[PDB]
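A.B. asks: Once you've had a glance at the structure underneath, I'll fire off some questions.
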Amino acid sequence: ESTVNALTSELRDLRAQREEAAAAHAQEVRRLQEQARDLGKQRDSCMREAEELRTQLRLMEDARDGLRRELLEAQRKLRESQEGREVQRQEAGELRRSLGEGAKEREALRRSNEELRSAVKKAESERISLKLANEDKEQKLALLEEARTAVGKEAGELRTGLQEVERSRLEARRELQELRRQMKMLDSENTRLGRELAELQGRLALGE
Amino acid sequence: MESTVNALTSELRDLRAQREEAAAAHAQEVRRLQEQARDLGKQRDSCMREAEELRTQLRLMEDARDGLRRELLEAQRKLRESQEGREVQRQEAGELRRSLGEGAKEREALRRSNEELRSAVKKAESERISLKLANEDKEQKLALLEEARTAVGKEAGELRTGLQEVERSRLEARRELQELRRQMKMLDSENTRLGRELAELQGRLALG
């Protein structure tokens with residue numbers, strides 16, 4: 001009685017304790033299994049992002065490098081255009097240098113150009129005046145030429161009359177000296193006649 | 001009793017031995033589960049630990065990318081505004097080269113013009129030499145032509161005073177011959193008168 005009931009109390013006691021023990025462990029294994037699930041999925045979520053960020057890095061690292069190449073080329077293009085501009089400034093100074101000396105040759109020539117035209121307007125007035133003087137000297141030459149031709153005809157004819165007058169003074173001298181011959185004879189004839197009157201009127205008283 | 005007390009004490013021995021092994025299989029199983037989530041926790045921690053190291057380097061490369069982008073934009077702005085200065089200077093240079101190209105045509109046309117002008121003066125002095133050589137000849141001519149007419153004017157004056165006196169001796173000669181023909185009529189009268197005186201005397205002396 002007191003032996004069997006005291007033992008049955010513990011046999012119900014252990015059957016109950018084992019009921020609670022199997023409860024507790026049926027609970028932890030479910031929780032602990034649920035903890036490995038949360039830790040299993042987070043670990044797998046991190047391996048997803050582990051690659052995801054590693055690839056997004058490489059693109060940046062490349063994106064960076066494409067930029068470092070592109071800057072260094074733009075620096076290059078800018079040093080080519082400024083250097084290209086310094087020559088443009090030189091070229092300009094050289095163009096204006098020749099442009100001003102070109103307008104300094106343009107003055108020398110336009111000035112010698114008027115010196116020529118101002119020397120051709122005297123060369124023409126000196127021509128027209130030397131011709132005018134030389135034209136008047138031939139119109140003087142006829143006027144002085146006829147003057148000699150006129151006085152040449154005068155003495156030319158005046159000499160011919162000189163010859164006719166010497167003709168007339170010769171024929172007159174011949175007639176004069178011839179008739180003095182004739183007067184001289186007739187003068188002897190007159191003194192002869194008066195000799196015949198002297199002999200007749202004289203020997204008349206002597207003959208008878 | 002004894003028969004039922006041993007079958008129940010056999011139950012006391014049976015379960016106490018079973019919970020002995022159940023407690024042991026319960027500790028070992030939570031031992032392994034805990035040790036599993038430990039491993040899985042040490043893996044997740046070591047990933048997230050690598051993940052923040054990447055995200056750290058990510059931000060750093062993005063910062064370096066953004067620094068290069070900022071600067072390419074300044075590079076770009078400086079380049080395009082320099083181009084605007086060399087394409088302003090270029091169109092400036094094409095005007096300068098055009099004005100010099102025009103001034104070069106004008107200087108060459110004038111250079112041509114002076115050359116024909118200097119040629120006009122070359123011929124103008126050639127004409128002045130051939131036309132002054134003509135005046136000096138015309139003055140030489142009309143010099144000796146005046147000498148000629150003054151000489152011929154002297155001869156006329158002599159010939160003309162000469163003719164006037166050979167006329168005085170022509171008229172004196174003709175007037176002497178006329179008065180000496182008058183003295184002949186007196187000798188011829190006295191001739192016939194002597195004959196009448198003589199014949200009348202003879203004709204008387206032949207009567208008585």
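Ordered as shown in the structure tokens, chains take letters A, B, and onward, while each chain numbers its residues from 1 and ligands are numbered from 1 in the order shown.
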Could you list, as a count of residues only, every residue within 7 Å of region 148-152 of chain B, counting only C-alpha atoms and ignoring same-chain residues fewer than 4 positions away?
C.D. replies: 3
A.B. asks: Could you give me, as a ChimeraX atom specification, the residues within 12 Å of residue 195 (chain B), counting only C-alpha atoms and dropping anything in the same chain fewer than 4 positions from it?
C.D. replies: /A:189-190,192-194,196-197 /B:188-191,199-203
A.B. asks: Could the residues in this selection be written to a file with N, CA and C atoms, as a short mmCIF file (atom, residue, chain, number, x, y, z; two decimals), in the first residue's frame?
C.D. replies:
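Written file, selection-v1.cif:
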data_model
loop_
_atom_site.label_atom_id
_atom_site.label_comp_id
_atom_site.auth_asym_id
_atom_site.auth_seq_id
_atom_site.Cartn_x
_atom_site.Cartn_y
_atom_site.Cartn_z
N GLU A 189 85.71 173.56 -197.68
CA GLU A 189 85.04 173.93 -198.91
C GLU A 189 84.63 175.41 -198.89
N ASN A 190 84.16 175.91 -197.73
CA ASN A 190 83.78 177.31 -197.62
C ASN A 190 84.98 178.23 -197.74
N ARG A 192 87.59 177.51 -199.42
CA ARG A 192 87.98 177.39 -200.82
C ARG A 192 87.18 178.35 -201.70
N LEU A 193 85.86 178.40 -201.49
CA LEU A 193 85.00 179.28 -202.26
C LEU A 193 85.42 180.74 -202.09
N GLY A 194 85.67 181.15 -200.84
CA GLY A 194 86.08 182.52 -200.61
C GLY A 194 87.46 182.83 -201.12
N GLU A 196 88.18 181.58 -204.18
CA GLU A 196 87.85 181.83 -205.57
C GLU A 196 87.25 183.21 -205.79
N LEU A 197 86.53 183.77 -204.82
CA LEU A 197 86.10 185.15 -204.98
C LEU A 197 87.27 186.11 -204.83
N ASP B 188 75.95 174.78 -194.20
CA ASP B 188 75.30 174.42 -195.45
C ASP B 188 74.62 175.62 -196.10
N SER B 189 74.12 176.57 -195.31
CA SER B 189 73.54 177.78 -195.90
C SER B 189 74.63 178.63 -196.52
N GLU B 190 75.71 178.86 -195.77
CA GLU B 190 76.84 179.64 -196.24
C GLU B 190 77.55 178.96 -197.40
N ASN B 191 77.46 177.63 -197.49
CA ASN B 191 77.90 176.91 -198.68
C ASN B 191 77.12 177.37 -199.91
N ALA B 199 78.50 182.27 -208.87
CA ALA B 199 77.85 182.13 -210.16
C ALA B 199 77.32 183.46 -210.67
N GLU B 200 76.78 184.29 -209.78
CA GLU B 200 76.29 185.59 -210.21
C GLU B 200 77.43 186.46 -210.69
N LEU B 201 78.60 186.36 -210.06
CA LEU B 201 79.74 187.14 -210.54
C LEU B 201 80.22 186.62 -211.89
N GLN B 202 80.29 185.29 -212.04
CA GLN B 202 80.68 184.70 -213.31
C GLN B 202 79.70 185.08 -214.42
N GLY B 203 78.39 184.97 -214.13
CA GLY B 203 77.39 185.31 -215.12
C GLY B 203 77.39 186.77 -215.51
#
A.B. asks: Extract, using only C-alpha atoms, all DNA, RNA and protein residues at most 12 Å from region 40-51 of chain A, discarding same-chain residues fewer than 6 positions from it, and format them as number ranges by chain.
C.D. replies: A: 32-34, 57-58; B: 36-55
A.B. asks: So that I can see what lies close to residue 178 (chain A), please list as a ChimeraX atom specification the residues with an atom at most 12 Å from it, counting only C-alpha atoms and leaving out residues fewer than 5 positions away in the same chain.
C.D. replies: /A:171-173,183-185 /B:177,180-181
A.B. asks: Those same residues - N, CA, C and O atoms - I'd like them written as a PDB file, in the first residue's frame.
C.D. replies:
ATOM      1  N   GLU A 171      76.091 155.100-179.828  1.00  0.00           N
ATOM      2  CA  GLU A 171      75.634 155.498-181.157  1.00  0.00           C
ATOM      3  C   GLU A 171      75.621 157.011-181.299  1.00  0.00           C
ATOM      4  O   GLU A 171      75.828 157.525-182.406  1.00  0.00           O
ATOM      5  N   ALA A 172      75.400 157.740-180.199  1.00  0.00           N
ATOM      6  CA  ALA A 172      75.440 159.198-180.262  1.00  0.00           C
ATOM      7  C   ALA A 172      76.868 159.704-180.441  1.00  0.00           C
ATOM      8  O   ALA A 172      77.109 160.627-181.225  1.00  0.00           O
ATOM      9  N   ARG A 173      77.827 159.104-179.728  1.00  0.00           N
ATOM     10  CA  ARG A 173      79.221 159.507-179.880  1.00  0.00           C
ATOM     11  C   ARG A 173      79.714 159.247-181.301  1.00  0.00           C
ATOM     12  O   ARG A 173      80.525 160.015-181.828  1.00  0.00           O
ATOM     13  N   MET A 183      81.520 168.422-191.038  1.00  0.00           N
ATOM     14  CA  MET A 183      81.604 169.870-190.854  1.00  0.00           C
ATOM     15  C   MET A 183      83.008 170.364-191.169  1.00  0.00           C
ATOM     16  O   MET A 183      83.182 171.448-191.696  1.00  0.00           O
ATOM     17  N   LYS A 184      84.016 169.548-190.873  1.00  0.00           N
ATOM     18  CA  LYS A 184      85.382 169.982-191.132  1.00  0.00           C
ATOM     19  C   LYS A 184      85.654 170.098-192.625  1.00  0.00           C
ATOM     20  O   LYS A 184      86.328 171.037-193.055  1.00  0.00           O
ATOM     21  N   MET A 185      85.109 169.193-193.435  1.00  0.00           N
ATOM     22  CA  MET A 185      85.302 169.253-194.876  1.00  0.00           C
ATOM     23  C   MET A 185      84.618 170.478-195.439  1.00  0.00           C
ATOM     24  O   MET A 185      85.237 171.326-196.082  1.00  0.00           O
TER      25      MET A 185
ATOM     26  N   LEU B 177      74.778 167.070-179.815  1.00  0.00           N
ATOM     27  CA  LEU B 177      74.571 166.628-181.187  1.00  0.00           C
ATOM     28  C   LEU B 177      73.457 167.396-181.892  1.00  0.00           C
ATOM     29  O   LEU B 177      73.462 167.481-183.123  1.00  0.00           O
ATOM     30  N   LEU B 180      74.835 170.975-182.574  1.00  0.00           N
ATOM     31  CA  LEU B 180      75.861 170.861-183.589  1.00  0.00           C
ATOM     32  C   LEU B 180      75.270 170.454-184.936  1.00  0.00           C
ATOM     33  O   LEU B 180      75.847 170.765-185.986  1.00  0.00           O
ATOM     34  N   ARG B 181      74.096 169.829-184.958  1.00  0.00           N
ATOM     35  CA  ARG B 181      73.399 169.754-186.238  1.00  0.00           C
ATOM     36  C   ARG B 181      72.868 171.120-186.652  1.00  0.00           C
ATOM     37  O   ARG B 181      72.738 171.399-187.846  1.00  0.00           O
TER      38      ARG B 181
END
